[PDB]
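Peer 1: One structure is given below, represented as structure tokens, and several questions about it will come after.
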Amino acid sequence: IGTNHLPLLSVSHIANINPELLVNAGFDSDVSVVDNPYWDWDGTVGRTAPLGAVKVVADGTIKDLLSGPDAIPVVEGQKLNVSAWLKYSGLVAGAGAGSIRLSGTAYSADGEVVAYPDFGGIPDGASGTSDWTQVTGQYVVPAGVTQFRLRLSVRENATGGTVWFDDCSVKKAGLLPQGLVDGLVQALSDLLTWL
Amino acid sequence: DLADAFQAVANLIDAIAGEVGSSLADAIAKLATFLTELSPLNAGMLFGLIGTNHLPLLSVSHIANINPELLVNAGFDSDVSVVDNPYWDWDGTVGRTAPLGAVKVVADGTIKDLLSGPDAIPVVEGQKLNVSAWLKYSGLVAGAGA
Amino acid sequence: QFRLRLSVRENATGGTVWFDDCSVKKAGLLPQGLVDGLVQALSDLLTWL
Amino acid sequence: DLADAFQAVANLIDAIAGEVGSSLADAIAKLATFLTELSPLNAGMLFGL
């Protein structure tokens, strides 16, 4: 639900909760992999029911995948954390720096890409096989950014294997920023400096 | 008469499909595209305004510093908010922003009024507000006064 | 409850008035008297000093 | 039997129109009132949380 449609909140209803942002983050259903000959939905490989994950074949090329839900409204401050359990089976991809790069798409006010902030992924030497591994990325929002999405990127140097992603979680984390309460920053600074 | 009735049945099929000269496949596709009670409901736009009492729990982390607009169709770029009004009508040729839509009024020496199409904006004590709008009077024969 | 009233008074006698880019926005920031007892605590500290 | 079938066709006209003894104008009006995925959705009440 958009921000401009919420006219008035409830101070009592305000509380401390950090819920998930994306819809169908765990890829447990067919949504978010719609109309794509590159990726597809799977119901037999995964951890959480119904064992739904993303299947893909790396034919020596680059790979990208977009979240089904639209842009998450991201703003300055309000740090975020991004994580996901990734796996690569039969990875014949070239052993190098790149391949899996868990990152996001930061769209501007009109919806323009500004950067490719990598919050995790595999290190150099992209080859072999592994299991569900988690990469954690703390993202701090630069100014002039309004929209966010979670992108799944695999560098062009990849040359084989099947990549699985599950339990995706992009969360807004932290407490109330100091510079939102009225004049409190100035008052506390004044008291401390006076003392 | 029998041929007319059979063509009426065909027209019923086409209408439940959504367009004249359609098929039963189009009919069932339209019925599937319609969202029933148990089916999901899109959150893409949700025009209007969501009341406060329906918001049980917010997110302190999600709280941040943004000031968005309040009214819906505030730019008068569409037909909403000017419906059923002899005094004021929507104009698709006059406007600074696309599709160049504004409000037109035939001031016949009288008082004219305009209200926002969306329902009440909920405000409370404190909570300062800012109001602005770009106005332009053309051919104003209105008497020079207060 | 609040609505945007747009009124051309009765003493007017002619013309056509156009409006665009109407913007009524709730402005400001978090009021002081919403956090719990913080007003009293800050006042107490300042008055103590 | 044929008269019953024709009256059934008329009853389906009325059923699409949402009320017995209505016309194709009411049928297409009800079709317009039908809300699809692409149709705008009113935030009037939205009962629940």
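Numbering starts fresh at 1 for the residues of each chain in the structure tokens, the chains themselves are lettered A, B, ... in the order given, and ligands are numbered from 1 as they appear.
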Applying 9 Å and only C-alpha atoms, which residues near stretch 7-16 of chain D remain after dropping the ones on its own chain fewer than 6 positions away? List them as a ChimeraX atom specification.

Peer 2: /B:5-6,8-9,12,16 /D:22-24,26-28,30-31

Peer 1: Provide as JSON, numbers by chain the residues of chain A at most 8 Å from chain B, counting only C-alpha atoms.

Peer 2: {"A": [1, 2, 3, 4, 5, 6, 7, 8, 9, 10, 13, 14, 15, 16, 17, 18, 19, 75, 77, 78, 172, 173, 174, 175, 176, 177, 180]}

Peer 1: Chain C residues within 7 Å of chain A, counting only C-alpha atoms: which ones, as a list in words?

Peer 2: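 The selection requested is residues 29, 30, 31, 32 and 46 of chain C.
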
Peer 1: Neighbours of residue A:142 within 12 Å (only C-alpha atoms; same-chain residues fewer than 4 positions away dropped), as number ranges by chain?

Peer 2: A: 74-80, 106-108, 114-115, 117, 146-147

Peer 1: Please find the residues of chain B near chain C - the criterion being any atom within 7 Å, counting only C-alpha atoms - and write them as JSON, numbers by chain.

Peer 2: {"B": [67, 68, 69, 70, 74, 75, 76, 95, 102, 103, 104, 105, 106, 107, 108, 109, 110, 111, 112, 113, 114, 115, 116, 120, 121, 122, 123, 127, 128, 129, 130, 131, 132, 133, 134, 135, 136, 137, 138, 139, 140, 141, 142, 143]}

Peer 1: For atom CA of residue A:87 and atom CA of residue A:31, determine how far apart the two atoms are, in Å to one decimal place.

Peer 2: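 Here the two named atoms are 20.2 Å from each other.
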
Peer 1: Taking only chain A into account, list the residues labelled strand (DSSP E) by DSSP (computed from the backbone), as a ChimeraX atom specification.

Peer 2: /A:39-42,53-56,63-66,72-73,77-89,100-107,118-121,133-134,137-141,147-154,162-172

Peer 1: Compute the set of chain D residues within 7 Å of chain B, using only C-alpha atoms, and express it as a PDB file with N, CA and C atoms, in the first residue's frame.

Peer 2:
ATOM      1  N   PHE D   6     -36.983 -19.936 -24.992  1.00  0.00           N
ATOM      2  CA  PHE D   6     -36.911 -18.497 -25.236  1.00  0.00           C
ATOM      3  C   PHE D   6     -37.077 -17.708 -23.942  1.00  0.00           C
ATOM      4  N   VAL D   9     -33.869 -17.783 -22.217  1.00  0.00           N
ATOM      5  CA  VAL D   9     -32.946 -16.785 -22.758  1.00  0.00           C
ATOM      6  C   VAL D   9     -33.258 -15.407 -22.185  1.00  0.00           C
ATOM      7  N   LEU D  35     -16.127  -5.440 -11.319  1.00  0.00           N
ATOM      8  CA  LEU D  35     -14.784  -4.920 -11.087  1.00  0.00           C
ATOM      9  C   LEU D  35     -13.759  -6.009 -11.376  1.00  0.00           C
ATOM     10  N   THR D  36     -12.825  -5.718 -12.279  1.00  0.00           N
ATOM     11  CA  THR D  36     -11.802  -6.662 -12.692  1.00  0.00           C
ATOM     12  C   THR D  36     -10.476  -6.329 -12.012  1.00  0.00           C
ATOM     13  N   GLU D  37      -9.422  -7.061 -12.385  1.00  0.00           N
ATOM     14  CA  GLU D  37      -8.100  -6.791 -11.826  1.00  0.00           C
ATOM     15  C   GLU D  37      -7.611  -5.403 -12.213  1.00  0.00           C
ATOM     16  N   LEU D  41     -10.179   0.452  -7.577  1.00  0.00           N
ATOM     17  CA  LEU D  41     -10.796  -0.144  -6.402  1.00  0.00           C
ATOM     18  C   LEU D  41     -11.003   0.924  -5.341  1.00  0.00           C
ATOM     19  N   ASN D  42     -12.241   1.050  -4.868  1.00  0.00           N
ATOM     20  CA  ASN D  42     -12.569   2.061  -3.872  1.00  0.00           C
ATOM     21  C   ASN D  42     -12.010   1.685  -2.507  1.00  0.00           C
ATOM     22  N   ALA D  43     -11.439   2.677  -1.824  1.00  0.00           N
ATOM     23  CA  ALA D  43     -10.984   2.529  -0.449  1.00  0.00           C
ATOM     24  C   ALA D  43     -12.034   3.002   0.550  1.00  0.00           C
ATOM     25  N   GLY D  48     -12.025  -4.693   8.294  1.00  0.00           N
ATOM     26  CA  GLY D  48     -10.986  -5.560   8.808  1.00  0.00           C
ATOM     27  C   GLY D  48      -9.762  -4.769   9.236  1.00  0.00           C
ATOM     28  N   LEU D  49      -8.609  -5.428   9.180  1.00  0.00           N
ATOM     29  CA  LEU D  49      -7.344  -4.804   9.534  1.00  0.00           C
ATOM     30  C   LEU D  49      -6.284  -5.208   8.524  1.00  0.00           C
TER      31      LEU D  49
END

Peer 1: By how many Å are atom CA of residue A:39 and atom CA of residue A:54 apart?

Peer 2: 6.5 Å

Peer 1: Please report, as a list in words, each residue of chain D to which DSSP assigns alpha helix (DSSP H) when run on this structure's backbone.

Peer 2: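 Result set for chain D (alpha helix (DSSP H)): residues 2, 3, 4, 5, 6, 7, 8, 9, 10, 11, 12, 13, 14, 15, 16, 24, 25, 26, 27, 28, 29, 30, 31, 32 and 33 of chain D.
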